[PDB]
Amino acid sequence: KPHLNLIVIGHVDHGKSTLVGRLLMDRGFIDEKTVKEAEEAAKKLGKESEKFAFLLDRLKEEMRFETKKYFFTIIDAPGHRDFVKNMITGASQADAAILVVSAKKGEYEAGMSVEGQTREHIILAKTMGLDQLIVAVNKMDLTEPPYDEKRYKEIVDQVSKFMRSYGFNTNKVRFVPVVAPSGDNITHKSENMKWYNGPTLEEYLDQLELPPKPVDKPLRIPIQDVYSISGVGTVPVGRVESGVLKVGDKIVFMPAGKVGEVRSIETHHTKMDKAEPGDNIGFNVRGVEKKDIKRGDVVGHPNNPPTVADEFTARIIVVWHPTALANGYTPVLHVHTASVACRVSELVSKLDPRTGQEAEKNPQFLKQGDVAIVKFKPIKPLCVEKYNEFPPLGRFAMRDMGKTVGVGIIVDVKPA
Ligand SMILES: Nc1nc2c(ncn2[C@@H]2O[C@H](COP(=O)(O)OP(=O)(O)O)[C@@H](O)[C@H]2O)c(=O)[nH]1
Ligand SMILES: [Mg+2]
């Protein structure tokens, strides 16, 4: 079973911890010593729900669960220390999300208001590429009257329209009416909402689609070295990061834009007919002057040439800087196999480190610890890609004085 990292978002008090606690209790792996004590507590109080309350407190004291198809690990949601930094560095990363929305009168409205976190987290989920969001419309037992279809539809309609207005796709968004404390429509079908005829939240989690595999994405091969072999020809070497290279393929070298044909491929001094992601290969290319090939360049197929950036926008964490950095700062960026000086061309905004939202627009400077959106202009043509399109070519380190000054993920490229 594939492992996925899941983030649960939503407004304060809407039911996130409870829902998380319910999933862990019903499909997770709580230690025997903890389960036991929880059962003991429920026994002494003569109330079954005391078990869940006991477990919730234990969990809070401190997170993987299993469904029909997947293994899920619950990770930090916005509001936590290093939330943004960990997503940028790749220390954490969300594969799927559940937005918890309270159906209780007033709560739903507060969450969806201008300053509310339901609206904030939906926009954040859009920035994170969480197109398969599952929206749990929770506290269905607290509508007036309890389990009200009309209130659930109103919420589903309003949230859906809001999402559409933010580009947030929608055909992959699923809504389910639930009650977190009891697991109703979460880990079992509710007997209280006969009007709902859709999948349970766990069933929606099992409907999640895994992202495209590198082998099915366009070819990208960052070049690590290039040699000239007498009587053989030009032989670049690099690791396939996405796509498939095959003997006979026409390929293009960027940034130069030169086209050549692959005559052979080898890995480990062994000829192969095809190379797939992960394969470190030497490949003989006919038609290209070695002077148009260098370490840092990137190969692709002519129909999908590697992107070359005139400018790019990134979300960065400044991990180390002794004073302050400003517009014009020009460190060396290391991205895939390239090492190129890139000038900071705009400090777009600093971000709140716990949430990802904008905090100061156009700051004069960034200091160590800051997270920000920044634009860079490579001093010479540089191949890069958006992180959410080709990860291996979209995360970089800013280096200076032998140290990593910062790490960033690329979120936009102005092609050359
Ligand atoms: N009646 C009812 N209470 C709920 C439900 N979900 C959560 N709660 C309660 O509402 C409060 C807020 O929930 P909490 O999970 O801590 O949400 P959080 O701030 O989003 O993590 C808790 O005190 C729960 O007991 C629900 O579906 N029905
Ligand atoms: Mg909570």
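According to PDB author numbering, the sequence shown holds residues 4 to 65, 77 to 430 in order. Idealized CB from N, CA, C, for every residue including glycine.
(Q) Given 6 Å as the limit, tell me if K63 has its C-beta closer than that to any heavy atom belonging to ligand 2. (A) no
**Q.** Identity of the residues DSSP links to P250 by a beta bridge
**A.** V240
**Q.** CA nearest to the CA of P232, picked from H17, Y343, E325 and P406
**A.** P406
Q. What residue range is occupied by the uninterrupted alpha helix (DSSP H) comprising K227?
A. It is not in any alpha helix (DSSP H) - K227 carries neither H nor E in the DSSP assignment.
(Q) Just to be sure I understand the criterion: a residue counts if its Cβ is closer than 7 Å to at least one heavy atom of ligand 2. Which residues meet that? (A) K19 and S20
Q) In whole angstroms, what is the alpha-carbon distance linking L156 and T21? A) 15 Å
Q) When DSSP labels each residue in this structure, what does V98 get in the three-state scheme? A) helix
Q) DSSP on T201, reduced to helix/strand/coil? A) coil
Q) The alpha helix (DSSP H) spanning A45 covers which residue range? A) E35 to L48
(Q) Given 6 Å as the limit, tell me if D155 has its C-beta closer than that to any heavy atom belonging to ligand 1. (A) yes
Q: Below 8 Å CB to CB, which residues in the same chain sit around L361 once its five sequence neighbours on both sides are set aside?
A: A340, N341, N376, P377, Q378, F379, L380, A386 and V388
Q: Return the Cβ separation of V398 and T321 in integer angstroms, given the expectation that the two are a contact with Cβ distance under 8 Å.
A: 7 Å
Q: Look at the Cβ atom of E80, then the Cβ atom of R25, and state whether they are nearer than 7 Å.
A: no
Q.
Is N152 a contact residue of ligand 1, with contact defined as CB to any heavy atom under 6 Å?
A. yes
Q. Do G274 and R300 have their C-beta atoms within less than 7 Å of each other?
A. yes
Q: Quick one: using the 10 Å Cβ neighbour count with 16 as the cut-off for buried, is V15 buried or exposed?
A: exposed
Q: Can you grab the Cα-Cα spacing for the pair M28 / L58, in whole Å?
A: 8 Å
Q.
Does the beta-carbon of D16, which I'm using as the reference point, lie nearer than 6 Å to any heavy atom of ligand 1?
A. yes
Q: Could you give the DSSP three-state label for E134: helix, strand or coil?
A: helix
Q) Taking the alpha-carbon positions, what's the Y218 to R309 distance? A) 45 Å
(Q) Can you determine whether any heavy atom of ligand 1 sits closer than 6 Å to the C-beta of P195, and answer yes or no? (A) yes
Q) Going by alpha carbons, who is nearest to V170 out of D324, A338 and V149? A) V149
Q: Return the chain-ordered list of same chain residues with a C-beta closer than 7 Å to the C-beta of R413, the five sequence neighbours on each side being excluded.
A: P345, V346, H348 and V419
Q: Excluding the 5 residues preceding and the 5 following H202 in the sequence, name in chain order all residues of the same chain whose CB lies nearer than 8 Å to its CB.
A: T214
Q) Taking the alpha-carbon positions, what's the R409 to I331 distance? A) 12 Å
Q: Using the DSSP secondary-structure output, state which residues sit across from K272 in a beta bridge.
A: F267
Q. Do you know offhand how far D324's Cα is from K394's?
A. 9 Å
Q: Starting from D426, trace the beta strand (DSSP E) both ways and give me its first and last residue.
A: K417 to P429
Q) Is the beta carbon of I424 sitting closer than 7 Å to the one on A328? A) yes
Q | Bounding residues of the beta strand (DSSP E) (the contiguous stretch that carries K175) | A | Per DSSP, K175 belongs to no beta strand (DSSP E); it is in the alpha helix (DSSP H), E163 to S179.
Q. Leaving out five residues before and five after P92 in sequence, what residues of the same chain have Cβ atoms less than 7 Å from its Cβ?
A. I12, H135, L138, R368, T369 and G370
(Q) Could you check whether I235 and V254 sit closer than 7 Å to each other, using their CB atoms as the reference points? (A) yes
**Q.** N206 versus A194 - alpha carbon distance
**A.** 13 Å
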